[PDB]
Amino acid sequence: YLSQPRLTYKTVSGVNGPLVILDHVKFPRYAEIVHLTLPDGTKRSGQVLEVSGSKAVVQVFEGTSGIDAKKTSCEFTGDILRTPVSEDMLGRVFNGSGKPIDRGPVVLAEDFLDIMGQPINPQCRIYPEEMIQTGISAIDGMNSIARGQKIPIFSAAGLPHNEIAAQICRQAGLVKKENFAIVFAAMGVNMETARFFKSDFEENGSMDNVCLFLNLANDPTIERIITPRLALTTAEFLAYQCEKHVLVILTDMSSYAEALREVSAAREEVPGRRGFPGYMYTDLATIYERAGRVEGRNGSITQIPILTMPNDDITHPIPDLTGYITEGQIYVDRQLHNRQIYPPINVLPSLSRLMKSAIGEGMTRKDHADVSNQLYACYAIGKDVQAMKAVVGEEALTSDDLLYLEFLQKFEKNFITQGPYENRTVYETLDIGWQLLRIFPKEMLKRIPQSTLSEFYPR
Amino acid sequence: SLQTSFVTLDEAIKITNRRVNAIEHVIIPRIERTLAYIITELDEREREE
Amino acid sequence: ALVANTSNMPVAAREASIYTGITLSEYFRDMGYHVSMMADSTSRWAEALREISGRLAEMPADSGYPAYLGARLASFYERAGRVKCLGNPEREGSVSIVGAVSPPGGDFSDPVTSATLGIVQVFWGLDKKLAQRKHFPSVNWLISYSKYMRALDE
Amino acid sequence: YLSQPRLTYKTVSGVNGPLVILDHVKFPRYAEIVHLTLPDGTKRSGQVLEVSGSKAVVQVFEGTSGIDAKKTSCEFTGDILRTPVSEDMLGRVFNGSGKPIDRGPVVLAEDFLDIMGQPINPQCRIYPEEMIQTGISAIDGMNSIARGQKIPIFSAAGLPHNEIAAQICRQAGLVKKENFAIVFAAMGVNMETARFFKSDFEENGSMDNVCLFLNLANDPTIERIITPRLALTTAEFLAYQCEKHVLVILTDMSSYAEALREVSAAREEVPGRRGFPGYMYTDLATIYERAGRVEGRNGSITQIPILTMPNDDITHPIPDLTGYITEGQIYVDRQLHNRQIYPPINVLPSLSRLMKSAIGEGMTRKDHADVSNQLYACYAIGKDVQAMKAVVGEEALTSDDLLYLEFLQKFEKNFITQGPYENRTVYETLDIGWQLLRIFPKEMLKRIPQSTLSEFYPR
Amino acid sequence: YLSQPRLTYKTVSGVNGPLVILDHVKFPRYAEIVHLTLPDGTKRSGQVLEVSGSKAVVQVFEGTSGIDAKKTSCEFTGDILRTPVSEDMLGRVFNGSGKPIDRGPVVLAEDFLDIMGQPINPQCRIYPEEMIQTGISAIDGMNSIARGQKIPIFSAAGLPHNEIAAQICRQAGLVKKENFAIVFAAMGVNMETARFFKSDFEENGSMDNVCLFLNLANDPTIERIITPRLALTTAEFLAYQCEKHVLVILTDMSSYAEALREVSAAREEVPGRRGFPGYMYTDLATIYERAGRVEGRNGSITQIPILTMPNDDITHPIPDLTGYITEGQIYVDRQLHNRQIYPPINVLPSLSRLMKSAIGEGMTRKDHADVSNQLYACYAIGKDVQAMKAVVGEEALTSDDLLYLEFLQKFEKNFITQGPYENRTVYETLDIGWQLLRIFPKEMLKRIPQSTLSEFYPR
């Protein structure tokens, strides 16, 4: 606590777009939170971005319209933005500023954390082990998410990245061969989609384990920047202090990146590559890397950042800088979507670098690794045979080629195509895999050891 | 027929392989050089800005 | 007559050299002679303008060159032409200008080549890939043109 | 009547490129005019670009060479450059600032008009309809021009855009089932072109209705900023007060745009694409839109501006911003010119927005709209076939592709190719159109209704 | 001389990157040298690149790390970097700052020359008309070297351009059927490269005629842009005051360009291409043009500015601007090196701008020029044939094409391939030329007149 009376200033040097420049401010802090009172009694929030002597420069969260240089007062809190956190806030819905928008009370805090936090000391970081099943076969039997990795979903604009994200929140959980929570943050979301998330989470009973942050497209752009920090700040409290596993989903990081560029312009910084700040790399790492396991504690944080690829070009700095510091990718395609496949996830370009540790005896099932590798080869071959068929015709194909075409057609129809309300656990996903693999005789399943085939292949 | 089939096939293989070779040795290299040229020139415009 | 302002001489002098040369050309034009001056660079003059503009801290335009690059080239080349001279004796003269340009990389996209092509009426484009084969003069003959074909048909 | 003596200053602050900065000026008026007297007696003029306190920045039209910072006398007119205009300006040649160059007297001020333009109330604007029969099949057939339209000719350096513009001027007229006055603004035009147009107007006997404004390539580059405003100001007087129909030709908006760039850079303004002022769009809109008809008048202004495209592209800011303002274009290409085709006009990237309404029953021919669309599609396809042929060879095309290739070759030879001294009517142009369309069997002419085909196709 | 005591300042205004800004300086001189001592006794030097009033901007060669603001002591020498030069510098090894590093004494000057030098009066410059016999057929035949000519080797990282330069140093003579003083500027290179040349010079028994200037990869980057001037300044003393024929070799000039680019960025100068200063050409000319013979004096300077081409990009500003200044290039590539061909010299993209005068009757043999031109035609065509045959196959070639493949294959292994110690005469090179030309019938040797074929071809 400070127990120091706050100072309120009526001295304003000028106002320039989103910024208000104050004067005669006593020992101002950088990143200090202040509150403005306009002549009409309207209150606004803001944050100090520059303090050059007594000339404090504050960015106003809301619009600066209506602010004068004679009557507007600025109340200083004497501190920076610290988020009230508790276990009870799980099951609540908040806006970007951390305020409730679910008609519930303000959070009754157990502590206050600096939302910027600190990096996790690498000496106490534990390599990812067990798996967190998502319920979506395309990313459980092919590229599973290890309990501690960070694997993004890259999508083009217009693809159902928000519907999949909502499905993961409803279905995700532990393998279960009470301590699992999901923190969901949507940045720059439009009103129709924001309603979708809120209503879909409430109706299906999942809300008890979801902490939802909604930053709407028409909300202040600076609030969009702290939104993912508040989500992770909660995740760190829940995960590391309350000994539980937290799945954090950061939706539309591309909208975050645009908000970050806006803040950079407010500081009159010269834009870097493709208009983005030269520090975009470390800023994404600052958010992304606040995850993983820690020594001596049973909690964990995983992340599934979701990013829209501008112009569907994976080379763009946003997916490029993200992927360069994440472990593999899910990758949602367009061809599968136009073919009316849901989920439209393309297994050939996807990768989960930690899958080798996520799956196996004692974590999922003995045959997990073998089924995945054989299915991947079979799908890749089926696509190759399909390309051949288009040139040589059906009569030019042999029996083995026909089996690969049968697999290809049934793989997409049975294994990848799921529906938004069918929850397929890791064991059902593997059983579906075997149903497709039993299309082939044993001798064609070259990537599955004979011991595995004898145990699982028949029946 | 064997020999005649072999005839229509030796020409078809040489014609198809010639087209494939041109794509590989002429058309794509030219597309890659064009793309690399564009990428470089775009960064040059970014710099002057 | 010839003017030397070599590459390792003061860069500012490159502007004076170009204008000194054409001024001499006009002098003889006025006397009833046909003058055919040639400046073997142009790009080195525009380069001097860029270097000075930089030291001046001026706002640059395309590729670092001064916004007035086109103004300087236009007023330079328009001093060429066949004329009726001033003076009671009724002389007839001309100044032709055959100016080289040095585009970086041989890419005909720089502000100097681009501005020059909008000014000059004859385009003698050269192809580096012909010079490598010692096919001299290395004239492209596909991108070159002359707008005086109709004038000389008579 | 402003019967107030003028102030003359020697309080020159400094001179920087085309700009002269004055201080100690009493109540500076924005966009005022200052007459500069150089120490040697040379008189020049300039227009104020900005004022602040006792300082003003003056744009010197004739140039700044020879101006010192001690003796130059600066006379402030007290008003905005309102230019003298007269109905008898036709049959005269003026320089870029509106002064006589033809050994005639200074234009007598029948009245004065503010060259900045007086915005016309869109409610009273009359939609153009009547088609101008230009004689050029590429225009009268496909991209027809209505009287009051705004259709610039794009070209790159070296192409015969001066010949096309000259041909339109002397062949201009209406589709019949009396003529135009010419206002010709030369901006950065070389002497060879200047005499080309001047001689063509004289040889055809047009000078009785031509007013030239000549700012040549060897003239001052700042002056040409007003030149186009002086030309249109006269056009507006003649068209809207003297009930004349005026065709306005602007020889190059690119040299104009460069003149704006020189000034914009001189005052250290923040540029946009390729170094041009961020307000280029407005500076062009205020010139291009001085066209059309108004309620209560019988005259009109039709604009056909010319723009040289740097680097042969059509994404350069100059043609890019023009395309957003004007109602289509002609776009003179280079690939047609290299093949000795005249006029070398490429019909695919060129459109005329008013074409859909200025043609059809009651204006040209019932089938005009149908013939245009079918010919356009046929040409576009022919080019795609040519693009394929270049890769697969002439031996890899089907019968239909050959029909489009035959169309493509005959289309350019018989339809587009015309010659500079031959005019064809809209009805003759369509008859040629049909000759090209009759290359195809009726079943392939999918953009012409069956009723139209049965009426014309078998003829 | 300068008899007045020099002043010492403790008035440093501030430090910004590599530039130390002093105030309160008495009559600052532009391009004067300042010596500065750091608080710990370290001595460093720099040059005034800008003066304004009482301020001066000093660029420090060693660097600005550790430069203080209160205790830094600077003194102004009162002149430009004039350096001591003497004849007995041959056989000495210096660093890039001009100091000895061979444990010998400092230079006992015969005079002091301005490192900036002076341009040679073009009226007294005498055109080169003597040939140097390099012993390399790839050069002596098709791209001859004149005495006083500027010929860099364009190379790429990993190619043996250091071996070629070393070879040239030992077996470079005259075709007049001679001991060159070599000045070798080793800048931006590792120890092993500098030791390679130093050892080779001793192995050749010529070290008493070699002056070395070393500036290694671990040395300051600002000294790397005076080292060439130090080498050339010494060369000028030897060549133009002591009438000694000097060969000046500058190691990877790209380290010069990179050192220059760093300075350009530090001073915020106008970029041209790839971030290099818009004046890069002028700066390079200052270095390169210190070459050639002078009428009335028996000395000469020959330069070989070898440079590495970044990413083998022949259009990179470094080889591009050099190509515009120097009399052509030798140019090696990877296509020859990857086949164990030495020297890996590719004649096609190479040229010697003085060759036309250094060969022929009275110089070498009258058929020299004719043999070279035809070999260029045959070599380029053979490369064109491979470009075709790679797609169409050997069966698509006729006898007219196979001859060029036979020529090309025999040309590369007989004419270009030699070995590090194969020293051929110019006459032997031409005889080899004919042996390859005799692959073709007389009618196909279309670059050679019958007045030459009839004499030489029959043999």
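Per-chain residue numbering starts at 1, and chain names A, B, C, D and E are given in the order in which the chains are listed.
The rule is simple: a residue touches a chain if its C-beta (ideal position, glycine included) is under 8 Å from a C-beta of that chain, and two chains touch if they have at least 3 such contacts.
The angle of the rotation superposing subunit A on subunit E, based on CA atoms and rounded to the nearest 5, is 120 degrees. If you compare B-E with B-C, the chain pair joined by more contacting C-beta pairs is B-E. Centre-to-centre, using mean CA coordinates, subunit D is 54 Å away from subunit E. Per-chain CA centroids place subunit B at a distance of 40 Å from subunit C. Chain centres here are Cα averages; for subunit C and subunit E they lie 30 Å apart.
The centroid of the Cα atoms in subunit B and the matching centroid in subunit D are 43 Å apart. Among all residues of subunit B, those that touch two or more other chains are 44, 48. Looking at subunit D, residues 275 sit in touch with two or more other chains.
Residues of subunit C found to touch two or more other chains are 60, 62-64, 109.
Looking at the complex, you find that subunit E touches subunit C at residues 119, 122-123, 269-273, 278-279, 281-282, 285-286, 288-290, 315, 317, 320-321, 324-325, 348-349, 351, 373, 376-377, 380. Within the complex formed with subunit C, the subunit B residues making contact are 41, 44, 48.
Those residues of subunit C whose C-beta lies close enough to touch subunit E in the complex are 4, 6-9, 11, 44, 47, 50-51, 53-54, 60, 63-64, 102, 104-107, 131-134. The touching residues of subunit C, when paired with subunit B in their complex, are 60, 62-64, 109.
Put simply, subunit B touches subunit E in their complex at residues 14, 17-18, 21-22, 25-26, 44, 47-48.
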